[PDB]
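Report on the structure given below.
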Amino acid sequence: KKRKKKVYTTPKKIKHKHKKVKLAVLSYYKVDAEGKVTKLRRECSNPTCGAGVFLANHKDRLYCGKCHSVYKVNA
Amino acid sequence: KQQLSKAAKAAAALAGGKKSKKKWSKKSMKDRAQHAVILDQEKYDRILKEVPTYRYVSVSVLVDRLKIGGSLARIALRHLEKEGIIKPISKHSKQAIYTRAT
RNA sequence: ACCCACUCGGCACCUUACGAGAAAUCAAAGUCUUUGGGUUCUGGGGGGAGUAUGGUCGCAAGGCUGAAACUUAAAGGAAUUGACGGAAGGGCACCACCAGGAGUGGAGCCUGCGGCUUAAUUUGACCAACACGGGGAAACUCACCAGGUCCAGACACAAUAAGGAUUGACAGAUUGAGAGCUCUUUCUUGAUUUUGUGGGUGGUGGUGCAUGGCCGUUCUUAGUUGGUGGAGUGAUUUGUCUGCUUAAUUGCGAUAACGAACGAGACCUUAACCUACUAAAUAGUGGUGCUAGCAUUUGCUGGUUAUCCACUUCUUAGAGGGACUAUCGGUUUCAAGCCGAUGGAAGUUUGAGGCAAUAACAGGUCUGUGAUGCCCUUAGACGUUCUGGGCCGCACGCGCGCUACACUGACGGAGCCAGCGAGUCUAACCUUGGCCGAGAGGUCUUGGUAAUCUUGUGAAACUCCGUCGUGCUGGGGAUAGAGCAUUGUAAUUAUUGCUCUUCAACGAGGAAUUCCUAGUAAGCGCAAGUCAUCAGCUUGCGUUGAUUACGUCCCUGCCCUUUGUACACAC
RNA sequence: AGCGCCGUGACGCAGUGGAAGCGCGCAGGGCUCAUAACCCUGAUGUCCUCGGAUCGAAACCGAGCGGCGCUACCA
RNA sequence: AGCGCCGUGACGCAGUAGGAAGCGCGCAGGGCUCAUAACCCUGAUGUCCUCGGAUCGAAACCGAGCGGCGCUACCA
RNA sequence: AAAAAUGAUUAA
Ligand SMILES: [K+]
Ligand SMILES: [K+]
Ligand SMILES: [K+]
Ligand SMILES: [K+]
Ligand SMILES: [Mg+2]
Ligand SMILES: [Mg+2]
Ligand SMILES: [Mg+2]
Ligand SMILES: [Mg+2]
Ligand SMILES: [Mg+2]
Ligand SMILES: [Mg+2]
Ligand SMILES: [Mg+2]
Ligand SMILES: [Mg+2]
Ligand SMILES: [Mg+2]
């Protein structure tokens with residue numbers, strides 16, 4: 001059984017790589033002059049989400065990251 | 001073996017498609033044979049007259065000697081057996097055997 | 001003229017070679033490496049070639065004499081084994097024929113193959129391929145085509161590596177898609193990994209002409225081998241055989257062979273026979289012993305191992321018995337044996353199987369195998385999964401088959417009969433029965449882990465009684481239209497079932513060709529295998545049950561022996 | 001220069017104004033392991049073109065094309 | 001010398017009365033085969049000898065050249 | 001005493 005070569009009619013698509021940002025201590029916690037701190041991130045309602053869940057921010061929605069939940073800011 | 005060319009294969013396929021049906025037999029047909037299934041007066045008189053002196057009486061001989069269908073043969077035969085001018089010998093479906101009375 | 005004994009010469013024979021020879025063979029072809037009686041002629045691998053040229057003879061035909069160039073690794077002799085023979089002899093087979101039966105080849109359809117077509121229409125196989133791969137493929141299967149994912153890239157080295165090495169992601173483009181596959185902004189885990197170099201793991205990739213194992217075939221026949229001895233320089237041969245006999249290299253026997261082995265036989269399973277043992281509400285029968293329902297001077301059924309008891313005939317399985325061609329009549333190298341009859345259940349090894357030698361095929365299978373060498377491939381994979389399609393595609397050719405051409409029938413009503421099976425608790429299998437539905441089916445329970453229930457698989461062919469009436473007819477049921485259901489996520493390219501409608505070729509089939517000898521052919525169905533659904537297939541089972549022949553070598557082949565061969569890749 | 005003839009199936013050739021035939025060749029099936037032979041069956045033509053007469057031409061008429069021929073003597 | 005002709009892949013042959021080329025060999029690659037040969041499939045190969053003209057358009061028509069074919073070539 | 005032709009190359 002002689003076989004041909006698999007010629008491709010489409011461009012190769014790239015496997016995704018995790019984006020490299022050196023901002024992982026900057027945009028999560030803030031320090032007051034006295035030193036008092038309250039996290040600006042919100043908390044997942046489900047108990048199995050974690051206290052340091054750090055709900056993300058989008059243009060129009062909030063993303064969990066662990067529990068994959070969606071909320072709104074003007075609730 | 002020897003592969004035929006594409007033109008030869010097409011010619012053979014086209015010849016086979018164009019080919020007529022070669023029936024390998026002599027087809028002989030007999031002519032139309034009709035039997036009066038409806039019993040009119042003249043045929044009934046012929047029945048009542050010549051059915052006696054018949055040595056052998058059956059659906060087939062009634063059909064052959066009289067142009068009546070098998071259905072009329074069966075019903076008329078049973079009618080004659082009711083009138084008793086024929087007596088039975090062997091009683092069976094699909095085959096009747098009858099002769100003269102007394 | 002015969003006989004006997006001799007003798008010389010001659011044509012030759014038979015036995016054995018002591019001798020010779022490569023052997024076949026040879027009383028010379030002996031007296032030869034232990035080489036010498038005398039003498040003439042001829043040859044020096046095979047071809048070119050008894051040719052060219054010259055000479056000579058001949059009327060001619062031609063004869064005699066007679067090279068070279070060139071070309072080539074064998075040509076040749078005798079014998080051995082096999083193979084073959086339109087060679088002989090003897091046996092044998094229904095994959096041969098005779099006498100026949102049933103067919104097939106013609107028709108429609110089913111299925112497999114080829115070819116066309118195709119994006120692919122995946123592929124192997126050409127007596128001993130073609131309902132074969134257990135191959136009846138909607139997904140899978142799948143190996144093919146159009147695309148989309150994932151790594152299931154172990155391990156070693158090194159580089160990255162404090163938000164990294166890496167993932168997963170809801171929403172909006174996007175893709176057939178609710179695959180974050182790619183992106184659009186930013187969240188989760190955290191040395192589990194990413195990258196590259198070695199390596200390894202997979203592959204229904206290739207090669208069965210690299211191989212194993214298995215299977216088929218040679219080959220359904222009776223054939224096969226060594227120990228010692230004999231023959232031969234040897235390859236080899238005898239044993240292992242002329243005759244008779246058997247299915248048989250089966251025996252009787254003959255015998256430079258003797259004793260042995262495998263195969264055949266013997267052996268094992270299975271259908272038969274057992275009024276004999278063992279027994280059995282999971283097989284039965286009987287006592288009607290208990291009540292009774294019906295008819296009536298006595299039969300048929302219902303409840304019977306707690307509503308009891310007896311017995312194994314029917315049934316089953318344990319141990320056995322039984323047939324050994326027994327007896328008899330014939331026939332024989334009177335031996336192996338064979339032909340009749342009588343008994344017996346059984347007298348073609350009683351029937352049918354299972355197993356089945358040495359040697360081989362470049363037979364088939366790498367697509368059964370975590371059987372496998374080597375080659376190839378390995379991240380945009382020939383890996384593995386997901387969606388869709390294909391494997392089914394049709395001017396055509398072929399091989400298995402199914403249904404038919406009808407009255408020995410079709411249709412309708414009724415009578416009413418098998419054997420082999422199989423079947424759920426890791427979950428829906430075989431289904432009684434009740435109800436609804438024309439049907440296919442649907443619903444509610446029941447029994448069966450099974451001699452208990454489906455199931456007495458109440459099958460069909462069959463038989464009776466009626467309709468048809470020789471008309472391609474009411475035979476046939478192809479094609480096609482419409483609807484109702486079941487399986488399955490998914491039914492269109494129609495899974496299948498059911499109802500109504502359409503109602504084609506087909507009038508017994510040219511040349512040709514297949515299977516078969518008694519419970520066989522053939523007809524008829526049933527079960528099982530594949531199965532969620534799907535039989536026109538296979539493997540079995542029983543039902544009804546012929547004709548013809550107990551033979552021959554004519555055809556096609558097989559075995560043994562003899563023979564010929566310029567064959568051995570073997571006619 | 002003048003005159004005559006021929007053109008038909010792949011090939012060689014018949015052919016009566018009512019649509020064309022022999023032999024091979026070819027094709028299908030069979031037999032054979034296979035090919036041939038053999039057996040059983042099929043198919044193949046604006047009759048060189050283009051017009052005309054005829055109801056209808058392969059044939060008759062007119063041209064055009066391509067081949068084959070014949071005469072070519074007295075000087 | 002005249003009069004007719006002809007020239008088409010590497011090799012032969014088909015055009016036709018102008019709308020761009022077919023076939024057969026050869027070559028190459030596939031299918032079959034242990035591998036070949038034969039066979040089959042596919043592809044490539046012709047600037048129609050060169051030049052010029054007429055034409056919307058020429059391998060087809062016209063002219064020249066080149067090459068080959070055929071016929072003709074005082075006179076008594 | 002009917003007829004019966006053929007079978008490409010190489011590969012212990
Ligand atoms: K046969
Ligand atoms: K055989
Ligand atoms: K039949
Ligand atoms: K798939
Ligand atoms: Mg010599
Ligand atoms: Mg598939
Ligand atoms: Mg093999
Ligand atoms: Mg021997
Ligand atoms: Mg198939
Ligand atoms: Mg009808
Ligand atoms: Mg099958
Ligand atoms: Mg020969
Ligand atoms: Mg040969």
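Letters A, B, ... go to the chains of the structure tokens in the order shown; residues in each chain start at 1; ligands are counted from 1 in the same order.
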* Using only C-alpha atoms (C1' of nucleotides), which chain D residues lie at most 10 Å away from chain B, written as a VMD selection string? -> chain D and resid 27 to 28 34 41 to 43
Can I get the selected residues back with N, CA, C and O atoms (P, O5', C5', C4', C3', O3' and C1' of nucleotides), as a PDB file, in the first residue's frame?
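That gives us part_5.pdb:
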```pdb
ATOM      1  P     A D  27     -12.482  -8.101 -29.293  1.00  0.00           P
ATOM      2  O5'   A D  27     -13.979  -8.046 -28.768  1.00  0.00           O
ATOM      3  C5'   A D  27     -14.590  -6.813 -28.445  1.00  0.00           C
ATOM      4  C4'   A D  27     -16.037  -7.002 -28.088  1.00  0.00           C
ATOM      5  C3'   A D  27     -16.343  -8.159 -27.159  1.00  0.00           C
ATOM      6  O3'   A D  27     -16.076  -7.848 -25.805  1.00  0.00           O
ATOM      7  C1'   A D  27     -17.873  -8.167 -28.952  1.00  0.00           C
ATOM      8  P     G D  28     -15.681  -9.002 -24.768  1.00  0.00           P
ATOM      9  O5'   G D  28     -17.070  -9.688 -24.425  1.00  0.00           O
ATOM     10  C5'   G D  28     -18.153  -8.924 -23.925  1.00  0.00           C
ATOM     11  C4'   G D  28     -19.344  -9.800 -23.676  1.00  0.00           C
ATOM     12  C3'   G D  28     -19.017 -11.166 -23.119  1.00  0.00           C
ATOM     13  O3'   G D  28     -18.763 -11.154 -21.733  1.00  0.00           O
ATOM     14  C1'   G D  28     -20.503 -11.412 -24.911  1.00  0.00           C
ATOM     15  P     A D  34      -8.838 -21.213 -16.775  1.00  0.00           P
ATOM     16  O5'   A D  34      -7.883 -20.427 -17.765  1.00  0.00           O
ATOM     17  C5'   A D  34      -7.376 -19.156 -17.404  1.00  0.00           C
ATOM     18  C4'   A D  34      -6.225 -18.753 -18.279  1.00  0.00           C
ATOM     19  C3'   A D  34      -6.497 -18.719 -19.769  1.00  0.00           C
ATOM     20  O3'   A D  34      -7.137 -17.522 -20.169  1.00  0.00           O
ATOM     21  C1'   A D  34      -4.457 -19.833 -19.357  1.00  0.00           C
ATOM     22  P     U D  41     -27.236 -20.778 -31.116  1.00  0.00           P
ATOM     23  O5'   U D  41     -27.444 -19.398 -30.363  1.00  0.00           O
ATOM     24  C5'   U D  41     -27.118 -18.179 -31.000  1.00  0.00           C
ATOM     25  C4'   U D  41     -26.794 -17.110 -29.994  1.00  0.00           C
ATOM     26  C3'   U D  41     -26.814 -15.695 -30.533  1.00  0.00           C
ATOM     27  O3'   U D  41     -28.125 -15.179 -30.615  1.00  0.00           O
ATOM     28  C1'   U D  41     -24.859 -16.010 -29.258  1.00  0.00           C
ATOM     29  P     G D  42     -28.524 -14.202 -31.815  1.00  0.00           P
ATOM     30  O5'   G D  42     -28.397 -12.766 -31.149  1.00  0.00           O
ATOM     31  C5'   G D  42     -27.985 -11.649 -31.909  1.00  0.00           C
ATOM     32  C4'   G D  42     -27.074 -10.753 -31.115  1.00  0.00           C
ATOM     33  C3'   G D  42     -26.579  -9.532 -31.863  1.00  0.00           C
ATOM     34  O3'   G D  42     -27.511  -8.469 -31.833  1.00  0.00           O
ATOM     35  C1'   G D  42     -24.754 -10.609 -30.829  1.00  0.00           C
ATOM     36  P     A D  43     -27.985  -7.770 -33.196  1.00  0.00           P
ATOM     37  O5'   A D  43     -26.910  -6.619 -33.425  1.00  0.00           O
ATOM     38  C5'   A D  43     -26.665  -5.658 -32.414  1.00  0.00           C
ATOM     39  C4'   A D  43     -25.237  -5.183 -32.430  1.00  0.00           C
ATOM     40  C3'   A D  43     -24.789  -4.444 -33.677  1.00  0.00           C
ATOM     41  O3'   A D  43     -25.178  -3.080 -33.657  1.00  0.00           O
ATOM     42  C1'   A D  43     -23.149  -6.034 -33.046  1.00  0.00           C
TER      43        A D  43
END
```
* **Selection as number ranges by chain: residues within 12 Å of ligand 9 by only C-alpha atoms (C1' of nucleotides) and all ligand atoms** => C: 111-113, 121-123, 130-133, 135-137, 390-393
* ligand 12 neighbours within 9 Å using only C-alpha atoms (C1' of nucleotides) and all ligand atoms, as number ranges by chain -> C: 571; F: 5-7
Go ahead and save the picked residues with N, CA, C and O atoms (P, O5', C5', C4', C3', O3' and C1' of nucleotides), as a PDB file, in the first residue's frame.
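The result, written out as part_29.pdb:
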```pdb
ATOM      1  P     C C 571       5.658 -31.783 -14.781  1.00  0.00           P
ATOM      2  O5'   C C 571       4.678 -31.217 -15.895  1.00  0.00           O
ATOM      3  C5'   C C 571       4.992 -30.041 -16.629  1.00  0.00           C
ATOM      4  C4'   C C 571       4.370 -30.038 -18.005  1.00  0.00           C
ATOM      5  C3'   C C 571       3.170 -30.959 -18.198  1.00  0.00           C
ATOM      6  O3'   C C 571       2.349 -30.443 -19.245  1.00  0.00           O
ATOM      7  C1'   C C 571       4.909 -31.657 -19.604  1.00  0.00           C
TER       8        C C 571
ATOM      9  P     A F   5      -1.048 -31.436 -30.294  1.00  0.00           P
ATOM     10  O5'   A F   5      -0.205 -30.095 -30.432  1.00  0.00           O
ATOM     11  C5'   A F   5       0.154 -29.591 -31.706  1.00  0.00           C
ATOM     12  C4'   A F   5       0.269 -28.091 -31.700  1.00  0.00           C
ATOM     13  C3'   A F   5       0.938 -27.460 -30.490  1.00  0.00           C
ATOM     14  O3'   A F   5       2.352 -27.534 -30.507  1.00  0.00           O
ATOM     15  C1'   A F   5      -1.033 -26.291 -30.972  1.00  0.00           C
ATOM     16  P     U F   6       3.178 -27.667 -29.137  1.00  0.00           P
ATOM     17  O5'   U F   6       3.053 -26.244 -28.448  1.00  0.00           O
ATOM     18  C5'   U F   6       3.575 -25.092 -29.084  1.00  0.00           C
ATOM     19  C4'   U F   6       3.049 -23.821 -28.476  1.00  0.00           C
ATOM     20  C3'   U F   6       3.503 -23.512 -27.060  1.00  0.00           C
ATOM     21  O3'   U F   6       4.775 -22.900 -27.018  1.00  0.00           O
ATOM     22  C1'   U F   6       1.177 -23.191 -27.227  1.00  0.00           C
ATOM     23  P     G F   7       5.869 -23.379 -25.958  1.00  0.00           P
ATOM     24  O5'   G F   7       5.635 -22.419 -24.718  1.00  0.00           O
ATOM     25  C5'   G F   7       5.172 -21.085 -24.896  1.00  0.00           C
ATOM     26  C4'   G F   7       4.532 -20.562 -23.641  1.00  0.00           C
ATOM     27  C3'   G F   7       5.302 -20.883 -22.363  1.00  0.00           C
ATOM     28  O3'   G F   7       5.254 -19.795 -21.451  1.00  0.00           O
ATOM     29  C1'   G F   7       3.104 -21.722 -22.204  1.00  0.00           C
TER      30        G F   7
END
```
* Which chain C residues are at most 9 Å from chain A (counting only C-alpha atoms (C1' of nucleotides)), as a list in words? -> residues 163, 166, 167, 168, 169, 170, 171, 181, 182, 185, 186, 187, 188, 205, 206 and 380 of chain C
* Do you know which residues are at most 10 Å from stretch 334-349 of chain C counting only C-alpha atoms (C1' of nucleotides), after dropping those on the same chain fewer than 2 positions away, and could you put them as a PyMOL selection string? -> chain C and resi 244-247+250-253+265+272-274+322-323+325-332+351
* **Env. residues ligand 8 / 8 Å / only C-alpha atoms (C1' of nucleotides) and all ligand atoms / as a PyMOL selection string** => chain C and resi 237-240
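For the pair atom CA of residue B:25 and atom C1' of residue C:469, the separation is 27.4 Å.
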* Counting only C-alpha atoms (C1' of nucleotides) and all ligand atoms, what residues are within 7 Å of ligand 7, given as a VMD selection string? -> chain C and resid 208 362 to 364
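Every residue of chain B that lies within 6 Å of chain C is listed here, counting only C-alpha atoms (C1' of nucleotides): residues 13, 14, 17, 24, 69 and 70 of chain B.
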Dump N, CA, C and O atoms for the selected residues as a PDB file, in the first residue's frame?
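In the end it all went to again_10.pdb:
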```pdb
ATOM      1  N   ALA B  13     -19.106  -2.842 -22.086  1.00  0.00           N
ATOM      2  CA  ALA B  13     -20.241  -2.428 -21.265  1.00  0.00           C
ATOM      3  C   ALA B  13     -21.376  -1.863 -22.113  1.00  0.00           C
ATOM      4  O   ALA B  13     -22.550  -2.164 -21.868  1.00  0.00           O
ATOM      5  N   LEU B  14     -21.047  -1.053 -23.119  1.00  0.00           N
ATOM      6  CA  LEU B  14     -22.068  -0.519 -24.012  1.00  0.00           C
ATOM      7  C   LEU B  14     -22.736  -1.626 -24.819  1.00  0.00           C
ATOM      8  O   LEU B  14     -23.950  -1.590 -25.033  1.00  0.00           O
ATOM      9  N   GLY B  17     -25.143  -3.393 -22.470  1.00  0.00           N
ATOM     10  CA  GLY B  17     -26.339  -2.592 -22.265  1.00  0.00           C
ATOM     11  C   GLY B  17     -27.259  -2.575 -23.472  1.00  0.00           C
ATOM     12  O   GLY B  17     -28.483  -2.646 -23.330  1.00  0.00           O
ATOM     13  N   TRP B  24     -33.819 -18.237 -24.592  1.00  0.00           N
ATOM     14  CA  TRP B  24     -33.324 -19.476 -25.192  1.00  0.00           C
ATOM     15  C   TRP B  24     -34.403 -20.561 -25.174  1.00  0.00           C
ATOM     16  O   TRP B  24     -34.249 -21.612 -24.557  1.00  0.00           O
ATOM     17  N   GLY B  69     -67.156 -23.611 -17.301  1.00  0.00           N
ATOM     18  CA  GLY B  69     -66.039 -23.482 -16.393  1.00  0.00           C
ATOM     19  C   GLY B  69     -66.111 -24.501 -15.279  1.00  0.00           C
ATOM     20  O   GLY B  69     -67.115 -25.177 -15.078  1.00  0.00           O
ATOM     21  N   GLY B  70     -64.996 -24.628 -14.556  1.00  0.00           N
ATOM     22  CA  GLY B  70     -64.940 -25.565 -13.450  1.00  0.00           C
ATOM     23  C   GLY B  70     -65.939 -25.267 -12.350  1.00  0.00           C
ATOM     24  O   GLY B  70     -66.462 -26.186 -11.722  1.00  0.00           O
TER      25      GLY B  70
END
```
* Using only C-alpha atoms (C1' of nucleotides) and all ligand atoms, what are the residues with an atom within 12 Å of ligand 2, set out as an NGL selection string? -> :C and (93 or 95 or 127-128 or 216-221 or 557-558)
